[PDB]
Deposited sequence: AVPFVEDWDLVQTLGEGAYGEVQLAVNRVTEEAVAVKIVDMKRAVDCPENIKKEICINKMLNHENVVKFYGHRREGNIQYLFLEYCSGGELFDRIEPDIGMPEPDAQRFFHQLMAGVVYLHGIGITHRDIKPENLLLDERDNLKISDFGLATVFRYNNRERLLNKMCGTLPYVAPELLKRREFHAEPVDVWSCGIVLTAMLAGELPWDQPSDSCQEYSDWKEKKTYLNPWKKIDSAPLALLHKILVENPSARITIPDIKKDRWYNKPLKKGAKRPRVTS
């Protein structure tokens, strides 16, 4: 099959470029560059809510990561500033985020930088966790390794990452998912960082939910955020319990409209 291995770089996505196959016209994302770990972790991954890794090629000092193209773009761009998005859309995206995070944690991988810029959407609006550049193995040979490195983006980091020397990996990803859920429902980030010097963070711990972003959020998803955004990571809700929450299991969204005729 001649020219089947030839890909044309047609546009920049985020360096990340959209590549189109010369013969088949298949669209892929290619990332051009810690890096050895990123490729290793990517080779472990296979899930419908995790951006697919096709392979890698090294041209001297440049690494080319061949990854799944997500035409829907970033979840970030589905969030209307100060508004968010319809609650059924946010619930569906939150379900898909949980399936992807359950998968990652199940194989002992923590993403460490979950935010809407890293949550991509395919052609059918299916959420895909992306960018495994900060990701690490927290469970190996069924032995959990406690983390100590500062990783992430301050508005999304769990408070234990700033207060404690060591912390468990899984509650940190759970916390950032709750900040993502907040962003989806209110179109704003609740604080700059989860610290006592942050008035907004201090107000949330004081249960001042009559303030923004919380007053824009319905009591059923807000009750879930009350269980996720818990300062003590040991008292914080786990994903198996998130899956039992009332809003998580609340019927809200119809399926993808399917073509139909009458009479």
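Missing from the model, by position in the deposited sequence, are residues 1, 16-20, 40-49.
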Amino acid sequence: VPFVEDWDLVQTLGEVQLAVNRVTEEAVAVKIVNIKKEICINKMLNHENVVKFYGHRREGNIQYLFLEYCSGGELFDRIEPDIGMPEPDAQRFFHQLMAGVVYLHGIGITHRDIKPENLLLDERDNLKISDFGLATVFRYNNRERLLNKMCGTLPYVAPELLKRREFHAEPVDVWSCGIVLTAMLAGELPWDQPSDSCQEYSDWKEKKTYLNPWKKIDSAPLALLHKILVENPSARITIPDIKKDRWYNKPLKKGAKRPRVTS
From here on, numbers count along this sequence of modelled residues.
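Stretches 40-48 and 223-231 differ in mean C-alpha B factor, with the higher average recorded for 40-48. Set 115-123 against 179-187 and average the Cα temperature factors; 115-123 ends up higher. Within the listed group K215, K205, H56, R236, the record reports its top CA B-factor for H56. Per the deposited record, the Cα B-factor of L13 falls in the highest third when ranked against the other modelled residues of its chain. When the modelled residues of the chain are ordered by C-alpha B-factor, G255 sits in the highest third.
Ranked against the other modelled residues of its chain, the C-alpha B-factor of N142 as given in the entry falls in the middle third. The PDB entry assigns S71 a C-alpha temperature factor belonging to the highest third of its chain's modelled residues.
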